[PDB]
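Below is the file target.cif, which contains mmCIF, C-alpha atoms and all ligand atoms.
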data_data
#
loop_
_atom_site.label_atom_id
_atom_site.label_comp_id
_atom_site.auth_asym_id
_atom_site.auth_seq_id
_atom_site.Cartn_x
_atom_site.Cartn_y
_atom_site.Cartn_z
CA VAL A 3 49.14 103.34 83.50
CA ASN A 4 48.41 103.86 79.79
CA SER A 5 45.38 104.79 77.66
CA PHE A 6 44.43 101.39 75.99
CA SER A 7 40.83 100.40 76.80
CA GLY A 8 38.87 97.32 76.79
CA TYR A 9 41.71 94.85 76.33
CA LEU A 10 41.69 91.32 77.66
CA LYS A 11 44.93 90.48 79.46
CA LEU A 12 46.55 87.31 78.12
CA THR A 13 49.87 87.38 80.00
CA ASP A 14 52.00 89.72 82.07
CA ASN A 15 52.75 91.81 78.97
CA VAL A 16 50.34 90.81 76.15
CA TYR A 17 46.82 92.23 75.74
CA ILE A 18 44.22 91.67 73.03
CA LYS A 19 41.08 93.39 71.75
CA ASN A 20 38.60 93.03 68.89
CA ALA A 21 39.30 96.35 67.20
CA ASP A 22 40.17 98.06 63.94
CA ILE A 23 43.84 99.00 64.38
CA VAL A 24 43.24 102.18 62.34
CA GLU A 25 40.42 103.34 64.60
CA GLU A 26 42.32 102.11 67.56
CA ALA A 27 45.36 104.12 66.45
CA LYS A 28 43.43 107.32 65.80
CA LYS A 29 41.89 107.26 69.30
CA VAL A 30 44.84 106.18 71.29
CA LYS A 31 47.66 107.99 69.37
CA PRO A 32 50.07 105.34 70.65
CA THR A 33 53.80 105.96 70.68
CA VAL A 34 54.21 103.01 68.28
CA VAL A 35 51.78 101.40 65.84
CA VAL A 36 53.07 98.28 64.06
CA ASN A 37 52.46 97.90 60.34
CA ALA A 38 52.31 94.46 58.72
CA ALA A 39 54.72 95.50 56.00
CA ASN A 40 56.39 93.79 53.06
CA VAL A 41 60.07 94.23 52.19
CA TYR A 42 59.25 96.90 49.57
CA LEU A 43 57.03 98.89 51.93
CA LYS A 44 54.30 98.70 49.26
CA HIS A 45 51.18 99.24 51.42
CA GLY A 46 48.52 97.88 49.11
CA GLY A 47 46.14 95.86 51.23
CA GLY A 48 45.49 94.19 54.54
CA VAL A 49 46.59 96.14 57.59
CA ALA A 50 49.18 98.07 55.56
CA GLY A 51 46.72 99.21 52.93
CA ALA A 52 44.36 100.33 55.63
CA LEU A 53 46.96 102.20 57.67
CA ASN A 54 48.33 103.87 54.56
CA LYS A 55 44.82 104.91 53.43
CA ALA A 56 44.18 106.46 56.82
CA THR A 57 47.31 108.62 56.33
CA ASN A 58 46.01 109.88 52.95
CA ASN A 59 48.97 108.04 51.28
CA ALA A 60 51.59 109.98 53.28
CA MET A 61 52.87 106.67 54.69
CA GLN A 62 53.49 105.41 51.13
CA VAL A 63 55.25 108.63 50.09
CA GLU A 64 57.59 108.43 53.08
CA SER A 65 58.11 104.71 52.50
CA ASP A 66 59.07 105.17 48.84
CA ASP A 67 61.75 107.68 49.85
CA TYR A 68 63.00 105.20 52.51
CA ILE A 69 63.33 102.39 49.95
CA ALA A 70 64.96 104.64 47.35
CA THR A 71 67.66 105.46 49.92
CA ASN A 72 68.07 102.14 51.78
CA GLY A 73 66.75 99.34 49.57
CA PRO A 74 64.32 96.67 50.71
CA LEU A 75 63.93 95.34 54.22
CA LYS A 76 64.67 91.72 55.13
CA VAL A 77 61.89 89.26 55.86
CA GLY A 78 61.92 89.26 59.66
CA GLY A 79 63.23 92.83 59.73
CA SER A 80 61.80 96.26 60.45
CA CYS A 81 62.26 99.98 60.22
CA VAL A 82 60.91 102.92 62.24
CA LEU A 83 59.20 105.67 60.25
CA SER A 84 56.66 108.36 61.08
CA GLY A 85 53.30 107.43 62.56
CA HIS A 86 51.68 110.35 60.66
CA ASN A 87 48.18 111.02 62.05
CA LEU A 88 47.95 107.55 63.67
CA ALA A 89 50.86 107.40 66.19
CA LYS A 90 54.22 109.05 66.96
CA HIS A 91 56.03 106.26 65.14
CA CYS A 92 55.18 103.38 62.84
CA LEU A 93 57.28 100.25 63.24
CA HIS A 94 57.09 98.54 59.83
CA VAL A 95 57.70 94.84 60.52
CA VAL A 96 57.99 92.18 57.80
CA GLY A 97 56.57 88.87 58.89
CA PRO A 98 56.87 85.93 56.46
CA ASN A 99 54.15 85.72 53.78
CA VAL A 100 53.07 82.08 53.48
CA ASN A 101 51.45 82.93 50.14
CA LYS A 102 55.00 83.68 48.92
CA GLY A 103 56.53 80.51 50.41
CA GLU A 104 58.53 82.29 53.11
CA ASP A 105 59.84 80.36 56.10
CA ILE A 106 57.42 80.53 59.04
CA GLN A 107 60.34 80.30 61.46
CA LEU A 108 61.13 83.89 60.44
CA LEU A 109 57.99 84.85 62.38
CA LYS A 110 59.91 84.76 65.67
CA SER A 111 62.59 87.07 64.25
CA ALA A 112 59.84 89.45 63.10
CA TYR A 113 58.31 89.61 66.59
CA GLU A 114 61.75 90.23 68.15
CA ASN A 115 61.61 93.73 66.63
CA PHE A 116 58.82 94.55 69.09
CA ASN A 117 61.27 94.20 72.01
CA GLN A 118 62.96 97.47 71.01
CA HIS A 119 59.80 99.38 72.06
CA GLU A 120 58.40 99.55 75.55
CA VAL A 121 54.67 99.67 74.39
CA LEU A 122 53.10 98.91 70.97
CA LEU A 123 49.72 98.69 69.26
CA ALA A 124 49.97 95.91 66.73
CA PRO A 125 48.32 93.35 64.54
CA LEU A 126 49.15 89.68 64.59
CA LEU A 127 52.17 89.32 62.32
CA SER A 128 51.81 87.12 59.24
CA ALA A 129 48.01 86.83 59.82
CA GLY A 130 45.33 87.89 57.35
CA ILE A 131 46.54 88.08 53.76
CA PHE A 132 50.03 86.95 54.83
CA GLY A 133 48.55 83.46 55.14
CA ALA A 134 49.81 82.18 58.51
CA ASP A 135 47.63 80.63 61.21
CA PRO A 136 46.72 83.50 63.58
CA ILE A 137 46.64 81.10 66.55
CA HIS A 138 50.29 80.17 65.74
CA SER A 139 51.14 83.85 65.34
CA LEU A 140 49.63 84.61 68.75
CA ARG A 141 51.65 81.82 70.35
CA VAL A 142 54.91 83.11 68.83
CA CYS A 143 53.99 86.65 69.94
CA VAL A 144 53.44 85.61 73.56
CA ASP A 145 56.60 83.47 73.58
CA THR A 146 58.83 86.16 71.97
CA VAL A 147 57.68 89.66 72.90
CA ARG A 148 58.64 90.82 76.39
CA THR A 149 57.51 94.45 76.07
CA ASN A 150 53.87 95.52 76.39
CA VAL A 151 51.88 94.67 73.28
CA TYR A 152 48.24 95.57 72.60
CA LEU A 153 46.99 93.33 69.78
CA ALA A 154 44.13 94.60 67.68
CA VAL A 155 42.21 91.82 65.91
CA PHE A 156 39.83 93.13 63.25
CA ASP A 157 37.65 90.02 62.87
CA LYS A 158 35.33 89.37 65.81
CA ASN A 159 34.99 85.68 64.95
CA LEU A 160 38.77 85.32 64.91
CA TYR A 161 39.17 87.30 68.13
CA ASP A 162 36.79 84.97 69.98
CA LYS A 163 38.63 81.93 68.62
CA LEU A 164 42.00 83.35 69.69
CA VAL A 165 40.78 83.99 73.24
CA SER A 166 38.97 80.67 73.57
CA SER A 167 41.90 78.47 72.19
CA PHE A 168 44.64 80.40 74.03
CA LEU A 169 46.73 78.35 76.52
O1 LIG A 201 40.15 99.19 56.34
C1 LIG A 201 40.23 99.43 57.49
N1 LIG A 201 40.93 98.59 58.45
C2 LIG A 201 41.55 97.31 58.14
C3 LIG A 201 41.53 96.71 56.89
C4 LIG A 201 42.13 95.46 56.73
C5 LIG A 201 42.72 94.84 57.82
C6 LIG A 201 43.30 93.43 57.65
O2 LIG A 201 43.63 92.98 56.61
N2 LIG A 201 43.31 92.62 58.86
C7 LIG A 201 43.75 91.23 58.88
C8 LIG A 201 45.20 91.03 59.35
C9 LIG A 201 45.63 90.68 60.62
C10 LIG A 201 44.76 90.46 61.84
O3 LIG A 201 43.65 91.07 61.93
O4 LIG A 201 45.19 89.70 62.74
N3 LIG A 201 46.95 90.59 60.61
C11 LIG A 201 47.40 90.84 59.37
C12 LIG A 201 48.71 90.87 58.85
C13 LIG A 201 48.89 91.18 57.51
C14 LIG A 201 47.81 91.46 56.68
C15 LIG A 201 46.52 91.44 57.18
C16 LIG A 201 46.33 91.13 58.53
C17 LIG A 201 42.69 95.42 59.06
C18 LIG A 201 42.11 96.66 59.22
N4 LIG A 201 39.67 100.62 58.12
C19 LIG A 201 38.95 101.61 57.34
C20 LIG A 201 37.51 101.85 57.81
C21 LIG A 201 38.60 102.87 58.14
#
Can the structure from this file be put into structure tokens for me?
Ligand SMILES: O=C(Nc1ccc(C(=O)NCc2c(C(=O)O)[nH]c3ccccc23)cc1)NC1CC1
Amino acid sequence: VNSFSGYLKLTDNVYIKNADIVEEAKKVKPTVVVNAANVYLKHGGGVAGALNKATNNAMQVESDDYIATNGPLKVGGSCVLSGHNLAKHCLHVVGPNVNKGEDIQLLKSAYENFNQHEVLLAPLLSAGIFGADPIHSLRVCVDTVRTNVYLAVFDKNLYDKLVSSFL
């Protein structure tokens, strides 16, 4: 038993809810919140901009130190950093950005990072300003992630479409 509320169950291990991941994170304090990061951990907009804003820019400060030490992530890769006031940990995962021409096949590799964590609150990778089809992203999520994932979908219209077209 865990503290996530109001989710619709899609499969044995995947759940979904129309929710703001920031507000969801502040209420649940999950062990892991997933950030839709880029390789530079520059959290300017979308989910990342919103998560970083909610941390009063502490996420960005920590991220800049991480990059200065380690260099950029790979597309499809991830790193674990602090969750600040939102979660114990933040798993920064880089899905491909279609608006940069990145290979959509790397989306499966991106979701594989979730399997290193028993439970996660997360957005749909490569959705929103990353330019992928969220229905495709949901399909890859369900077919790749084996751990328990609680997907927060900000847009109500998109949430209803995801539920209604889901196979
Ligand atoms: O500003 C906010 N929240 C807040 C702001 C923006 C977002 C957001 O861009 N979402 C779309 C998105 C999804 C998805 O929804 O599937 N996946 C993505 C992957 C990469 C980039 C974007 C997305 C989400 C939340 N809260 C303030 C009031 C306290």
Restricting the calculation to only C-alpha atoms and all ligand atoms: of A:48, A:78, A:103, A:133, which residue gets closest to ligand LIG 201 (chain A)?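 Going through A:48, A:78, A:103, A:133 one by one, the smallest distance to ligand LIG 201 (chain A) is for A:48.
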Draw an axis-aligned box over all listed atoms of ligand LIG 201 (chain A), pad each side with 3 Å, and write its centre and edge lengths in Å, one decimal, as JSON.
{"center_x": 43.2, "center_y": 96.3, "center_z": 59.5, "size_x": 17.4, "size_y": 19.2, "size_z": 12.4}
Find the residue from A:95, A:147, A:41, A:21 that sits nearest to residue 114 (chain A); use all atoms listed in the file when measuring. A:147
How close does each residue of chain A get to ligand LIG 201 (chain A), giving the shortest atom pair and distance in Å to one decimal for every residue with an atom at most 6 Å away, counting only C-alpha atoms and all ligand atoms, sorted by chain and residue number, as a tab-separated table?
residue	atom	partner	partner_atom	distance
A:22	CA	A:LIG201	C18	5.3
A:23	CA	A:LIG201	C18	5.9
A:24	CA	A:LIG201	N4	5.7
A:38	CA	A:LIG201	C13	4.9
A:48	CA	A:LIG201	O2	3.0
A:49	CA	A:LIG201	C5	4.1
A:52	CA	A:LIG201	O1	4.4
A:125	CA	A:LIG201	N3	5.0
A:126	CA	A:LIG201	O4	4.4
A:127	CA	A:LIG201	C12	5.1
A:128	CA	A:LIG201	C12	4.9
A:129	CA	A:LIG201	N3	4.0
A:130	CA	A:LIG201	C16	3.6
A:131	CA	A:LIG201	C14	4.6
A:132	CA	A:LIG201	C13	5.1
A:155	CA	A:LIG201	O3	4.3
A:156	CA	A:LIG201	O3	4.5
Region 162-169 of chain A surroundings by all atoms listed in the file, 9 Å radius, close-in-sequence under 2 positions cut, as a PDB file with C-alpha atoms, keeping the file's coordinate frame:
ATOM      1  CA  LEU A  10      41.690  91.320  77.660  1.00  0.00           C
ATOM      2  CA  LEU A  12      46.550  87.310  78.120  1.00  0.00           C
ATOM      3  CA  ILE A  18      44.220  91.670  73.030  1.00  0.00           C
ATOM      4  CA  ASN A  20      38.600  93.030  68.890  1.00  0.00           C
ATOM      5  CA  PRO A 136      46.720  83.500  63.580  1.00  0.00           C
ATOM      6  CA  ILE A 137      46.640  81.100  66.550  1.00  0.00           C
ATOM      7  CA  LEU A 140      49.630  84.610  68.750  1.00  0.00           C
ATOM      8  CA  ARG A 141      51.650  81.820  70.350  1.00  0.00           C
ATOM      9  CA  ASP A 157      37.650  90.020  62.870  1.00  0.00           C
ATOM     10  CA  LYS A 158      35.330  89.370  65.810  1.00  0.00           C
ATOM     11  CA  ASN A 159      34.990  85.680  64.950  1.00  0.00           C
ATOM     12  CA  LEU A 160      38.770  85.320  64.910  1.00  0.00           C
TER      13      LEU A 160
END
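Between residue 15 (chain A) and the candidates A:161, A:117, A:77, A:138, the tightest atom-to-atom separation, counting all atoms listed in the file, involves A:117.
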If we count all atoms listed in the file, what is near residue 45 (chain A) at a cut-off of 7 Å, once residues fewer than 3 positions away on the same chain are taken out, given as a ChimeraX atom specification? /A:39,50-51,54,62
Using all atoms listed in the file, give me every residue within 9 Å of (61.2, 97.6, 60.6) in file coordinates, as number ranges by chain. A: 36-37, 39, 75-76, 78-83, 92-96, 112, 115
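Coordinates place CA of residue 60 (chain A) at a distance of 18.3 Å from CA of residue 72 (chain A).
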So what do you get for CA of residue 153 (chain A) versus CA of residue 124 (chain A), distance-wise? 5.0 Å
If I take CA of residue 73 (chain A) and CA of residue 118 (chain A), how far is one from the other in Å, to one decimal?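 So the answer is 21.9 Å.
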Can you tell me, as a compact mmCIF listing (two decimals) with C-alpha atoms, in the coordinates of the input, what residues are no more than 8 Å from residue 27 (chain A) when counting all atoms listed in the file, ignoring any on the same chain fewer than 4 positions away?
# COMPACT_ATOMS: atom_id res chain seq x y z
CA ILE A 23 43.84 99.00 64.38
CA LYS A 31 47.66 107.99 69.37
CA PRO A 32 50.07 105.34 70.65
CA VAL A 35 51.78 101.40 65.84
CA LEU A 88 47.95 107.55 63.67
CA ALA A 89 50.86 107.40 66.19
CA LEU A 123 49.72 98.69 69.26
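The closest residue to residue 66 (chain A), picked from A:122, A:87, A:144, A:42 and counting all atoms listed in the file, is A:42.
Shortest separation to residue 19 (chain A) among A:56, A:154, A:6, A:44 occurs at residue A:154, atoms counted being only C-alpha atoms.
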Selected residue, from A:134, A:85, A:150, A:119, that lies nearest to residue 106 (chain A) when counting all atoms listed in the file: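 Once distances to residue 106 (chain A) are computed over all atoms listed in the file, the minimum belongs to A:134.
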